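*Asks:* When you get a sec, could you give me coordinates for this:
(chains A, B, C, D, E and F, ligands or ions: 8)
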Amino acid sequence: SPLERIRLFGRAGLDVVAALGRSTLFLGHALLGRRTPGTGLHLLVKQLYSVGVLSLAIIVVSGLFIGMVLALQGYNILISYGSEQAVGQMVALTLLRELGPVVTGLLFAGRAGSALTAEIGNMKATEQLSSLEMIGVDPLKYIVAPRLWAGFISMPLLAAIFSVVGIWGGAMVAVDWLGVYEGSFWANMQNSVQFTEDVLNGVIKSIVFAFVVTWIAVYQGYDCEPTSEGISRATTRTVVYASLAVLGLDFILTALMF
Amino acid sequence: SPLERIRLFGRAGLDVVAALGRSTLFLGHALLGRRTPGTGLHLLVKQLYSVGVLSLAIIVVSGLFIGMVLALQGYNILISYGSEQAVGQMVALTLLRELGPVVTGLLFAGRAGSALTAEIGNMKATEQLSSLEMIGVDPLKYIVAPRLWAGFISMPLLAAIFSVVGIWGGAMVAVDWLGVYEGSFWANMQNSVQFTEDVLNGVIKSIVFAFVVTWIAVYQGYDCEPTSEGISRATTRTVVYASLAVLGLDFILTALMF
Amino acid sequence: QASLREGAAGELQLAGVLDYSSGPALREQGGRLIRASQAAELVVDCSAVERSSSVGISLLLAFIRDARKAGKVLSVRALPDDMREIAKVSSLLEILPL
Amino acid sequence: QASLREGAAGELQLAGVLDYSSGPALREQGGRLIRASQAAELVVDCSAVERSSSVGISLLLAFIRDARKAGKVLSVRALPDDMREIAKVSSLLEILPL
Amino acid sequence: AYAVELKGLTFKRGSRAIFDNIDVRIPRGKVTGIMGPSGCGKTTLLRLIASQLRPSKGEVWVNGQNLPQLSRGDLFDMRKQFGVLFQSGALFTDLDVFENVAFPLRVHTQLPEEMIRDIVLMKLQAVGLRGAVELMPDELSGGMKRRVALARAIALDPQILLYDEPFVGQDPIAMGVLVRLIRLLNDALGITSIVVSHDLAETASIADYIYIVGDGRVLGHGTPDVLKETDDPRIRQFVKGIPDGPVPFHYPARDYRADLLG
Amino acid sequence: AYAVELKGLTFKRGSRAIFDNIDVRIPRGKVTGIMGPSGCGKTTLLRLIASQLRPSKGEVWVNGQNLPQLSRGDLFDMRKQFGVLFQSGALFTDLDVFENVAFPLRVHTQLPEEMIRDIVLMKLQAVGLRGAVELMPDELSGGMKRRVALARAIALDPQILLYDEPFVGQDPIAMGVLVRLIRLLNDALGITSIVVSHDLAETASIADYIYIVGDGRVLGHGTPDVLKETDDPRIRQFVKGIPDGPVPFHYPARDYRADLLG
Ligand SMILES: CCCCCCCCCCCCCCCC(=O)OC[C@H](COP(=O)(O)O)OC(=O)CCCCCCCCCCCCCCC
Ligand SMILES: CCCCCCCCCCCCCCCC(=O)OC[C@H](COP(=O)(O)O)OC(=O)CCCCCCCCCCCCCCC
Ligand SMILES: CCCCCCCCCCCCCCCC(=O)OC[C@H](COP(=O)(O)O)OC(=O)CCCCCCCCCCCCCCC
Ligand SMILES: CCCCCCCCCCCCCCCC(=O)OC[C@H](COP(=O)(O)O)OC(=O)CCCCCCCCCCCCCCC
Ligand SMILES: CCCCCCCCCCCCCCCC(=O)OC[C@H](COP(=O)(O)O)OC(=O)CCCCCCCCCCCCCCC
Ligand SMILES: CCCCCCCCCCCCCCCC(=O)OC[C@H](COP(=O)(O)O)OC(=O)CCCCCCCCCCCCCCC
Ligand SMILES: Nc1ncnc2c1ncn2[C@@H]1O[C@H](COP(=O)(O)OP(=O)(O)NP(=O)(O)O)[C@@H](O)[C@H]1O
Ligand SMILES: Nc1ncnc2c1ncn2[C@@H]1O[C@H](COP(=O)(O)OP(=O)(O)NP(=O)(O)O)[C@@H](O)[C@H]1O
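*Replies:* Residues are numbered from 1 along each chain as shown, chains lettered A, B, ... in the order given. Ligands and ions are numbered 1, 2, ... in the order given. There you are, the coordinates:
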């Protein structure tokens, strides 16, 4: 029925409505609820390991490849303009103000934005997440608070590591394989950086959709209905949305500052 | 034990070894095994819907955002060079030869590279994938062959749609919000395209790691051990690898052709 | 396999083995090839039936849709044993008039 | 709660309620605060025990590790009823010498 | 006199009215096993009487006070009274077996890290999983993966404890050891235990005052005997095989004649 | 004389030696129920005697010929003989109930799309899920989600059929209707049925010649009676509660004295 079809559409409207409402409530309860008995900092260490460190080889190799691609594209894009040696101010400006954090999102939100949702989803599905209450610990502070903290304090560091490896790979292909001159590269690069105005720009950009990624990437895991199909669908909702939001907030955050 | 630690490391070596070996065998059996009784083409239609169409809104919105970001970055990157009106030959060359298909991979491999693995994973886990044999149909031709075909014939179309919407959004922000002149944009764009040499380049680039994405994105789903934790880990392995391979083959495919 | 015969005057004879193989041919050669020509009062009697599965049940069933659609009335005689049981399971208690 | 007393001459008196609350204090005030000073042959007897859970079981247990580490030998007397059962479950059949 | 009583309790999940003005009254010291049809809301009743789920209205008297009307600082202290054993164990995949069993102690009590080890050890011996004090539950075979959970429950020596479908889907050796333990804990430790199992046979075997929960209303209750011949059509259909009765066998079809004919 | 026999069968999953030179011989017309301890390899035996899993060496005589030595064009034709009912239904989430049940017909037979509908309808009536001929299994309550699978199995009228843990984890009403159907199919349709259930009680209740599979070797077999007093320690430990016996209760710990003391 078309009228009831639109009824279902509107029900989905109110559904995402109440969804992110409940999400912000969840986030509040998690970051500022109380202090639980069985918490600490070792939790944060274990998480930060599972979320950042394990997801580090991926972004290292990905930074390598995307950097040398950025080079092999800039060299050939610009040799048609003579200003070949200026490739440094490209491979280090695009890889540092916009593409750096965007790809770092789409990868972090790819792996650690998912195997983080499936983790606390599975937890909810084997009731493990529930027996915590019957014990007495608040899960939203023992199970998910270290997730959020491993998010906020990993993805920015990951973006930095990615940008570094990207620039270095771009140089290594440009210097050794393209043949452009050694010192000229870093020279034009440092002459065209504007630290507080591009580097810090990219870092605040990284942090904001670090927060946004590992916010949904954990909420979805907390909300998914407990069944092996439910989790299998939540760990896809949290890639759809974690990429949508990465790019959307990249766009807004770059309209705030060109 | 360190010696046994290296033993485990080497066991993982042989493991990924035999893994992708078995993967290529699987792919062969799937695409060229036999012709099954209960197959057809309606299967391909249903799949192609579930894989392409549902994953179309994501890449539409993502193309929009990434295009207007590419613009808002090019305008400001290049106004410092005077050649402002040349933004068209940027927002339409980067979004069409390298970044277009790469982001289309990281998104398709994000959503339809996962909710495709979880699907045929869940199938294997509720034994649904197994009763097909006890009936007699070969699953590798009824369950996964339409997956592969919905992969190969969707991701390239998706890359094209993405590049189109990206260029159009870049124009819409450049024309209406940046104020650069209407005809000049498309003019410098078409004067600097080299169809058979950039457009077709981007399309073959899209196709190759369409094949590569929806190859692992279905193999992993076929191999994952049947348990709600197994699938929850496979649908992360098939984002790690589906992004690794996207970028790696992008790099190789752009070293084949600058 | 099995077969069909003896039309236009009731007394629909049914042969031995009604399986998934011999199914459709008998359906089509009976439903229109015979039930278009009948007079009335179709006695379908399963005398010389060897062995039949639910496919035969659904066959004598389709034998009834057309006859009802053909206006004329029909009934079954000499219902075999295995058929009797396959009807016993999925009730078909009276829907098989004898 | 409960308490500890009567050291240096065996006859370790134990008071009423040994719970998770009154646990650690009794452990520390017995293990070193008392077992460093004892002569030998430590008779720990649970006469005036009101009510105790497994925490008390593990307490009289720790009462044995130190004594064994302190060389001197010890034993229990007048084992209460609930303790008797909490030992009965997790065997502790002979590991509680009486 | 009673360990747990549920006065005027009702619950609605999205106004679905899961529970509807119910009254259950558990006797202490006696293993009572509640159960009911599919989707009848048992586990909901568990998380209720364990105060994980906030009731809509009513009160849950538990060894004295009622829970939904307690202060967090006091509710947490009450948590020391009741243990819960889910099916599928519900172990923390992060921590090994030993730390997993110790967890409730490391939460509600401040003991010398040796003494915690001794309590954990004696409990694990009581349940038998004393050897695997190092395994991670990922490494642990699905059977004992439940007995370790039971040991974690009986830690702190709670006076009552809940069982969410304990004997469901395991070889009768594991089912046998588990049904021996859940009864040993009650015969010895004198702790109220609330089995919650779809399995009628073993439940009615061991239980003392079984209930039957259906569509938001207790569908009667009794000791196994009175329940075996209640003659209430709903119940007597449940507690026996008798597939056709108040709960229909067939789905609400239209007609076995018309639909197949027209 | 026998429906299915397994001569000299052995199987190894990664050289683990799942099955090890076994000999099982199923009589036709009689519901036999095989079972065994946890991880004992039953479902493996299913997929073997249903020819989804290629045996290492041995032969599986099935109503005549043996399968692993048949041509694909003939193996497919043999597939028409044996049906399989998994637990959790194993329905195709893609297709609705009706198409789901029709699937085997739409595969092995070319029938007028009406006639397929009539066979599907009579089967669904036989199992009772005749009404929900439109629901998608996603919409279907987990109980009937199995009876529809059973109807799909009995489609084509296979002469033997397998049951992978049928009566495991459902309210005794659904378990009752299912145990009535799995027996009605055998008493009427005279089709060999192979229950495979950890649940000892109902299995031994309905079964005729039960087996016991353990660590790659059949641990004996018999009708329920002889099996109830075999006095073989392993078996008599299995078929009764008796938790402590050949299968140990405790884990291989070191010492209940030293470890807790030293
Ligand atoms: C009058 C107020 C009362 C209610 C108003 C709520 C409407 C606002 C929310 C819109 C979301 C509707 C989508 C529902 C469709 C659906 O099927 O749902 C689509 C999905 C969920 O679909 P499923 O539940 O079927 O999986 O939801 C989403 O896509 C959520 C992302 C939407 C964006 C959220 C933030 C909005 C950003 C700002 C808007 C940009 C517009 C630009 C204007 C300048
Ligand atoms: C001629 C030289 C060309 C050599 C080609 C090899 C390059 C391709 C290597 C593949 C990348 C591996 C990452 C896969 C993700 C993963 O492992 O996934 C991450 C896993 C996850 O571990 P878990 O098992 O605990 O989940 O971590 C690992 O165990 C892997 C550790 C090392 C893997 C290699 C990564 C660093 C080495 C990269 C080499 C780059 C060379 C630099 C060029 C100058
Ligand atoms: C993924 C692919 C990467 C993109 C590469 C494709 C081709 C490059 C872009 C086309 C523009 C160059 C044509 C003009 C010729 C010219 O005179 O260009 C060369 C001129 C010559 O002046 P100089 O000698 O002083 O450098 O210099 C410049 O234009 C400065 C810009 C260099 C690039 C620096 C990085 C800013 C670019 C945007 C960053 C983020 C965008 C990337 C993702 C959206
Ligand atoms: C050209 C104009 C562009 C238009 C701009 C509009 C889009 C803006 C960006 C889109 C955001 C993506 C929406 C994803 C949410 C969703 O899909 O909503 C859907 C999901 C849940 O929906 P379901 O559970 O029903 O599927 O939402 C969530 O998971 C809950 C949290 C949503 C995250 C919101 C992020 C807000 C960003 C705040 C940044 C400020 C913080 C900085 C502090 C330091
Ligand atoms: C101003 C009010 C508008 C608010 C935003 C409207 C949200 C409407 C979302 C519906 C979109 C299609 C959903 C189809 C459902 C489906 O099949 O697919 C739904 C998909 C996922 O499919 P599933 O149902 O299988 O989960 O969900 C989505 O991802 C939808 C993403 C919506 C994102 C909206 C962001 C706003 C766009 C910003 C553009 C800025 C331009 C402005 C320039 C001036
Ligand atoms: C015109 C040219 C034609 C090109 C032909 C395309 C060939 C594509 C072959 C790619 C293989 C895909 C793997 C399939 C998925 C799978 O099953 O593979 C899955 C297995 C893992 O199995 P398990 O994790 O389950 O054990 O292996 C992998 O994870 C593969 C990882 C893919 C990484 C790609 C990296 C390539 C780039 C390397 C370059 C090094 C650069 C160094 C220079 C300094
Ligand atoms: N969070 C929830 N949101 C919506 N529905 C729920 C939720 N939790 C439970 N339900 C439904 O409400 C009922 C409660 O589930 P459950 O506790 O398993 O029922 P039960 O009768 O106690 N045990 P069972 O018969 O196995 O379902 C079921 O019908 C669930 O589908
Ligand atoms: N593909 C596989 N790869 C590796 N191990 C497997 C595989 N399939 C099964 N196994 C293992 O081999 C055994 C076979 O599983 P299963 O068929 O369930 O055993 P079963 O004795 O027949 N039934 P159950 O006791 O419930 O496990 C189990 O121990 C599994 O862990």
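*Asks:* Please count neighbours and contacts with C-alpha atoms only from this point.
*Replies:* Noted.
*Asks:* max-length helix in chain C?
*Replies:* helix C:54-69 (DSSP state H).
*Asks:* which residue is nearest the middle of the chain?
*Replies:* In the absence of a named chain, chain A is used. Nearest residue to the geometric centre of chain A (Cα atoms, centre = their mean): residue A:105, 3.2 Å.
*Asks:* actually chain E
*Replies:* Short answer for chain E (Cα atoms, centre = their mean): residue E:163, at 2.8 Å.
*Asks:* Just give me the neighbour total for residue 41.
*Replies:* With no chain named, the answer covers chain A. Using other Cα atoms under 10 Å in any protein chain shown, residue A:41 has 9 neighbouring residues.
*Asks:* wrong one, chain C
*Replies:* There are 14 residues near residue C:41, going by other Cα under 10 Å.
*Asks:* returning to that earlier point: ok now do the closest residue to the residue nearest to the centre of chain A other than its chain neighbours, which residues does it touch?
*Replies:* Nearest-residue entry for residue A:105: residue A:246, 6.2 Å, with adjacent residues in sequence omitted and distances by Cα to Cα, 6 or more residues apart in numbering or on different chains. Applying Cα atoms under 8 Å, 6 or more residues apart in numbering or on different chains to residue A:246 gives the contacts A:102, A:105-106, A:209, A:212-213.
*Asks:* okay, the angle between whichever strand or helix holds residue A:246 and helix B:228-255?
*Replies:* According to DSSP states H and E, residue A:246 maps onto helix A:228-255. Per axes from the mean of the first three to the mean of the last three Cα atoms, to 10 degrees, the angle that helix A:228-255 makes with helix B:228-255 is 40 degrees.
*Asks:* buried set for helix A:228-255?
*Replies:* Neighbour-count burial for helix A:228-255 flags A:228-251, A:253-254 (criterion: 16 or more other Cα atoms under 10 Å in any protein chain shown).
*Asks:* Run a quick neighbour tally on the residue nearest to residue A:255 when sequence neighbours are not counted.
*Replies:* Leaving aside its sequence neighbours, residue A:255 sits nearest to residue B:72 (Cα to Cα, 6+ apart; 7.2 Å). Neighbour count of residue B:72, defined by other Cα under 10 Å: 23.
*Asks:* what separates residue B:72 from ligand 8, distance-wise?
*Replies:* The gap separating residue B:72 from ligand 8 is 53 Å, by Cα to the nearest ligand atom, to the nearest Å.
*Asks:* packing partners for whichever helix or strand that residue is part of?
*Replies:* If you go by DSSP H and E, residue B:72 is part of helix B:56-78. Secondary-structure packing of helix B:56-78 (3 or more Cα pairs under 8 Å, 6 or more residues apart in numbering or on different chains; DSSP states H and E): helix A:228-255, helix B:87-91, helix B:99-108, helix B:155-173.
*Asks:* 7 Å instead, please
*Replies:* helix A:228-255, helix B:87-91, helix B:155-173 (3 or more Cα pairs under 7 Å, 6 or more residues apart in numbering or on different chains; DSSP states H and E).
*Asks:* List the contacts of that helix.
*Replies:* A:240, A:244, A:247-248, A:251, A:258, B:84, B:87, B:90-91, B:162-163, B:165-167, B:169-170, B:173-174 (Cα atoms under 7 Å, 6 or more residues apart in numbering or on different chains).
*Asks:* check contacts around the residue in the stretch 101-250 of chain E that chain D sits nearest to.
*Replies:* Residue nearest to chain D within the stretch 101-250 of chain E: residue E:126 (4.1 Å; Cα to the nearest Cα). Residue E:126 is in contact with D:89-91, counting by Cα under 7 Å, 6+ apart.
*Asks:* most remote residue from chain C's center?
*Replies:* Quick read of chain C (Cα atoms, centre = their mean): farthest out is residue C:89, 18.3 Å.
*Asks:* in the stretch 1-150 of chain E, which spans are strands?
*Replies:* Under the criterion DSSP state E, counting those that start in this stretch, the stretch 1-150 of chain E contains strands at E:2-11, E:19-27, E:32-34, E:57-62, E:82-85.
*Asks:* mind checking which of those is nearest residue D:83?
*Replies:* With Cα to Cα, the closest approach to residue D:83 among the strands of the stretch 1-150 of chain E belongs to strand E:82-85: 20.1 Å.
*Asks:* near chain D, anything from that closest one?
*Replies:* No: using Cα under 7 Å from any Cα of the partner chain, strand E:82-85 stays clear of chain D, with a minimum separation of 14.2 Å.
*Asks:* who touches that strand?
*Replies:* A:134, E:149-150, E:153-154, E:158-164.
*Asks:* Need the nearest residue in space to residue 43, chain neighbours excluded.
*Replies:* I went with chain A, as the question did not name one. residue A:146 (6.4 Å).
*Asks:* you looked at the wrong chain, it should be chain E
*Replies:* Nearest to residue E:43 is residue E:164, by Cα to Cα, 6+ apart, at 6.7 Å.
*Asks:* residues from the stretch 51-200 of chain E in reach of chain F?
*Replies:* Residues of the stretch 51-200 of chain E lying near chain F (Cα under 7 Å from any Cα): E:118, E:121, E:128-132, E:168-173, E:176-177, E:198-200.
*Asks:* Can you tell me which of the residues you listed are buried?
*Replies:* Buried, going by 16+ other Cα under 10 Å: E:118, E:121, E:128-132, E:168-173, E:176-177, E:198-200, out of those.
*Asks:* For ligand 5, what's the nearest residue on the stretch 151-262 of chain E?
*Replies:* residue E:251 (30.8 Å; Cα to the nearest ligand atom).
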